[PDB]
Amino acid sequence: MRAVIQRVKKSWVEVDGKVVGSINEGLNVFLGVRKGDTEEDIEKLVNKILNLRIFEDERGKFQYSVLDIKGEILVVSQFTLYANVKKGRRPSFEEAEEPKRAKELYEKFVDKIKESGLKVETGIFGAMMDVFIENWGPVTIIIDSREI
C-alpha cells in the first residue's frame, strides 16, 4: 500500500463542482492500494501517518504530528501511486490492486484512521474528482507499507 501525504492548510475534493469532503489545517492523504495489500499494510501505514512529526510552531519544525495538533484528514483514492513508467511513454499499473478489492481496502483504511478520533473527510472512489490542495511549506511525504 502507498501514500503521498501533503501537509495542507486547506484542502477539499469536489465532483462536478459539488464539494464532497473538506478540511482546514491538517493532512491530505493520497491512497494507492497494491496487489498483495492486506489489513496489516493498513496498520503499518495508518500508524506512521498519525505520528509523523511534520507540523511546526515558531520554535521548531518537524515536531508535531496530526494527532498532536488535532488536525483534519482528507483521504483521496489514487491508484496511480503504483504507476510504472519504466518502459513506454504510457504508464503501467500492474501492481495496482483491482478496483473492487481496492475500494474494499480503501474503506477499511479510512475506517482504521477514523479511530484516531480526528475529523476525517474523504473523496469519492471509482470516479474522477477535482482535488484542491493548499500545501503549506510545502511538505510532502511518501510512505509504502511494504517499507514500514
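Residue indices: 1-based, along the sequence shown.
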>> If you average the CA temperature factors as listed in the entry, which stretch comes out higher, 26 to 34 or 98 to 106?
In response: 98 to 106
> As stated in the PDB record, which stretch has the larger average Cα B-factor, 132 to 140 or 14 to 22?
Replying inline: 14 to 22
>> Please say which third, lowest, middle or highest, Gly88 falls into when its CA temperature factor is compared across its chain.
In response: highest
>> Where does the C-alpha B-factor of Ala3 rank in its chain, lowest, middle or highest third?
In response: lowest
> Relative to the other modelled residues in the chain, which third contains the C-alpha temperature factor of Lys70: lowest, middle or highest?
Replying inline: highest
>> When the deposited Cα B-factors of this chain's modelled residues are ordered and cut into thirds, is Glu58 in the lowest, the middle or the highest one?
In response: middle
> Going by the entry, which third of its chain does the Cα temperature factor of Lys112 land in?
Replying inline: highest
